[PDB]
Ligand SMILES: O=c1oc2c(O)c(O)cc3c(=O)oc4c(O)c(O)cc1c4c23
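The chain below stands alone and is given as structure tokens, in the form solved without this ligand.
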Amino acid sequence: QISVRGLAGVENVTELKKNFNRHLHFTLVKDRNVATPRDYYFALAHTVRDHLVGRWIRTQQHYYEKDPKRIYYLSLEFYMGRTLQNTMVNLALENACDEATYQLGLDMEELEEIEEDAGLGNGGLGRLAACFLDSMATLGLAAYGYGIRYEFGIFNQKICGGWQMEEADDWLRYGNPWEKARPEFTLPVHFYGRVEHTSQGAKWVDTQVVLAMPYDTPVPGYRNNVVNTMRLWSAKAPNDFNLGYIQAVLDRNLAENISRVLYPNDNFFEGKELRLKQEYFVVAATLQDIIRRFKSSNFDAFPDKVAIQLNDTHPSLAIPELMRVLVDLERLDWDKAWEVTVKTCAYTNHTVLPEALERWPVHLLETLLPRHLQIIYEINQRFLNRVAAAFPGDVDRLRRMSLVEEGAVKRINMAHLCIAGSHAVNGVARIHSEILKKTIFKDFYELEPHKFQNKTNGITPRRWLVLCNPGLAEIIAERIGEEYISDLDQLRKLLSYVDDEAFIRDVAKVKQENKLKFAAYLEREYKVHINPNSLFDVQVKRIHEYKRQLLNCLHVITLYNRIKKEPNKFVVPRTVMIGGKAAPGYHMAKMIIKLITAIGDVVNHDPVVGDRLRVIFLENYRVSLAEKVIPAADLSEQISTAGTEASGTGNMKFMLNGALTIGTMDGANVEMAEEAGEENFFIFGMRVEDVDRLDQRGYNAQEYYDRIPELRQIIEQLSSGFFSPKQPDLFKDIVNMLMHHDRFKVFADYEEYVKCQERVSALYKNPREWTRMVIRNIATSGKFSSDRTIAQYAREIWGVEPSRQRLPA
């Protein structure tokens, strides 16, 4: 149908058809007369998977032969979403399969919707890991993602009476055609026990054993025949475990619970033993795999052949685990082991909020991992001896930099452990990396300035343009060719089309088509009516106070109140869509969801408003829903309090798909505005510097309430029961937080936000100038390819060169 989707050659179409019919018969054990759409989805998935295996076998064989440096990306989350279309895109099979399925009387788009998301992450951190795997394969790096195969990923969100309900994401119920179990490569992991000090070093004994069984998933690079591996570990009881007879068998569940469910609490660190077991499980199994591979080729050259990237502090136990293996098992001297460890490990930080940092109670480590605790203490003593030698007499610095935190309960600060144990520490956007050096890790930067780096985040333009917005990808390809898909900086060529009347028309037409399709998706799946000519104003991300979905809510109420005040006055019509999951125990996030639906309930049924304003809560926001909504958006809401959002990546998704951004100077928004020009961005609100000045003086929300009548009306409406008639005190906790203990200064940015939103509406009334600004954003989005991000990691941290060269097919 369209060029960027590849050729539908007659041999290929014929061959896909027969393999499809073969899988339906032999693999699925069905015939056409009783096959369902799910069976057809699986027959297609197996058909496409067959095309990966040759390239997968020879990629891994290639790495065995050439023995390049291996990159191991350790993460507790890999938010992959669906695999079928992404695989087709990367192998150039999309049009072929579309034709093949069309000739069999089937609609491939309908079959794609049957696939469950692999929802093995919470949001940005998890999705970054997935974009990274795609880029590493695309750039020909010998890279392996290592994680946990959760039986239950991030919960499915249901809204009942406007409240979030959580239900289990049983994503493996119908099977996973992409993974290959490798029970033959199963490895033991130890827990509990005690440490014995013999003549010839320490021994960790009397341990309980859990087996780690790997499952391998192929990661195809974009049209280069490279297929890398994501290996995810599953927990299995040993066969002598607990060995009433019946109860001993039933108690195998206790060991296997390690890989049962992803922790969804992305706001607040809670030290739960089961999460600690998860974090050790992934690290212990992964490092045995790493060492095995290294030996099949003297630990002096270990850092020349291995790099380990720690995604946040979650796999930080890699540091003392590598030290344990090298010292206790391989018998290296401490100093040599430490040199090897530091040169192998690198750490990426994702938040400056102190309640998010992992600080594990010493008593849990003492019980669960007694040897690792001893090693952490030894690391700490040798580290603090260095601090003392560089800053003699600075006793407060010693307590500030310690890996061991004193108090009610002693804790280990895992971020301090990562910095001590890594040759490189990076933030994920320039302003965040600067904040790490100036504030939370200032002492460490002064000790070892060379460790600190910036690697601004990015997104893959395969999933986030070519896959989710083929219409846009095609109209771009028409003018500049297809090479921009693996070299996104080429989008700068589109600056020479900003005054091209045909291109302006095509960009606008693609957005209108995406909006019509999404408006049809909404009505069909959820029975809700929207105006497709309205401005689509969208904020989708996890629900957090720092992200300030509440500030958006206040703007929505302002618009409604303005309409009720002057109903016969023209306003630019809007559909305001907000979506995102709240962590199950985060009461305020749950209250915010209830407030959004409560606003919707009033606004959507007011006959005087009409179709000029609608407020939709987008239920169960996840990767597959992002792929639908982001191409339909006009305005991207990126409105966190300055200094709180480390980077953001949804922001980049919107930029690439033709939405304009309203945002604070926070995270990667700063760099996005720098690339596009501040004139082509709707910047508002306090800068980081302004936030600091307000903190020194003291934030008094009452001041803003006293001075801004429109804000006072909104707060009185919240308090009096305007948005909750039958429960008039429902939102008291929200009002109380806003007035007395708002860490994120919602009222301080309100006036500027509302003004800025008026400038958005003004520009939207001139479709031609709106579209021209859109083109200037799309054309300067190149820097935010995760290919650029990974090439920087490779050159500046891992010490490897990327390659765009094909492997032979």
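For clarity, a rigid core is taken as the largest C-alpha set superposing within 1.5 Å between two forms. One-based numbering along the sequence shown.
Peer 1: Which of 269-277 and 305-313 lies farther, on average, from the shown form in 7 other deposited structures of this protein once the rigid core is superposed (C-alpha RMS)?
Peer 2: More C-alpha displacement in 7 other deposited structures of this protein shows up in 269-277.
Peer 1: Taking RMS over all structures and residues, which stretch has CA atoms farther from the shown form in 7 other deposited structures of this protein, 258-266 or 67-75, after a rigid core fit?
Peer 2: Taking the RMS over all superposed structures in 7 other deposited structures of this protein, 258-266 lies farther out.
Peer 1: Look at the stretch from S297 to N298 and count the residues of the deposited sequence that the entry does not model, then pick none, 1 to 3, 4 to 9, or 10 or more.
Peer 2: Missing in between: 10 or more residues.
Peer 1: Just how many deposited residues go unmodelled from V205 to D206: none, 1 to 3, 4 to 9, or 10 or more?
Peer 2: In the deposited sequence, nothing is left without coordinates between these two.
Peer 1: Looking at the deposited entry, does 193-201 or 167-175 carry the larger mean Cα B-factor?
Peer 2: 193-201 has the higher mean C-alpha B-factor.
Peer 1: Decide which of the stretches 713-721 and 588-596 has the higher mean C-alpha B-factor, going by the entry.
Peer 2: For C-alpha atoms only, the mean B-factor is higher in 713-721.
Peer 1: Of the choices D312, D706, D289, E637, which one's C-alpha carries the largest B-factor in the record?
Peer 2: Checking the PDB record, the top C-alpha B-factor among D312, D706, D289, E637 is at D706.
Peer 1: Taking the values straight from the PDB record, which of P631, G610, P320, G663 has the highest C-alpha temperature factor?
Peer 2: Out of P631, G610, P320, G663, the record gives the largest C-alpha B-factor to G610.
Peer 1: Using the temperature factors of the C-alpha atoms in this entry, rank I790 within its chain: lowest, middle or highest third.
Peer 2: Bottom third by C-alpha B-factor.
Peer 1: Comparing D335 with the other modelled residues of its chain, is its CA B-factor in the lowest, middle or highest third?
Peer 2: Its C-alpha B-factor, which the entry lists for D335, ranks in the highest third among residues of this chain.
Peer 1: Sorting the chain's CA B-factors, does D749 end up in the lowest, middle or highest third?
Peer 2: For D749, whose C-alpha B-factor we compare with every modelled residue in the chain, the answer is the lowest third.
Peer 1: Using the B-factor values recorded in the entry, state whether the Cα atom of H62 falls in the lowest, middle or highest third among the modelled residues of its chain.
Peer 2: Its C-alpha B-factor belongs to the highest third of this chain's values.
Peer 1: Which third of the chain holds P470 when residues are ordered by C-alpha B factor: lowest, middle or highest?
Peer 2: Middle third, going by the recorded CA B-factors of the chain.
Just so it is clear, the following notes concern the form solved in complex with this ligand, a form of the same protein that is not shown.
Peer 1: Check the shown form for clashes with this ligand: superpose the C-alphas around the site so the partner sits as in the deposited bound form, and report blocked if 3 or more ligand atoms are within 2.4 Å of backbone or C-beta atoms, open if none are.
Peer 2: Here the site is blocked.
Peer 1: So if I measure heavy atom distances to this ligand in the deposited bound form, which of the stretches 302-310, 680-688, 542-550, 706-714 falls within 4.5 Å?
Peer 2: Of the stretches listed, the one contacting the partner is 542-550.
Peer 1: Which of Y484, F617, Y586, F723 has a heavy atom within 4.5 Å of this ligand in the deposited bound form?
Peer 2: After the contact test, the surviving option is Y586.
Peer 1: Which of these residues, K755, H740, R743, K765, gets a heavy atom within 4.5 Å of this ligand in the deposited bound form?
Peer 2: By the 4.5 Å criterion, the partner-contacting residue is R743.
Peer 1: If we define contact as a non-hydrogen atom of the residue within 4.5 angstroms of the partner, is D611 a contact of this ligand in the deposited bound form?
Peer 2: No, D611 sits far enough from this ligand in the deposited bound form that none of its heavy atoms falls within 4.5 Å.
Peer 1: Residue-level question: is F268 within 4.5 Å of this ligand in the deposited bound form, judged on heavy atoms?
Peer 2: The answer is yes: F268 has a heavy atom within 4.5 Å of this ligand.
Peer 1: Taking 4.5 angstroms as the cut-off for heavy atoms, does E355 touch this ligand in the deposited bound form?
Peer 2: Yes.
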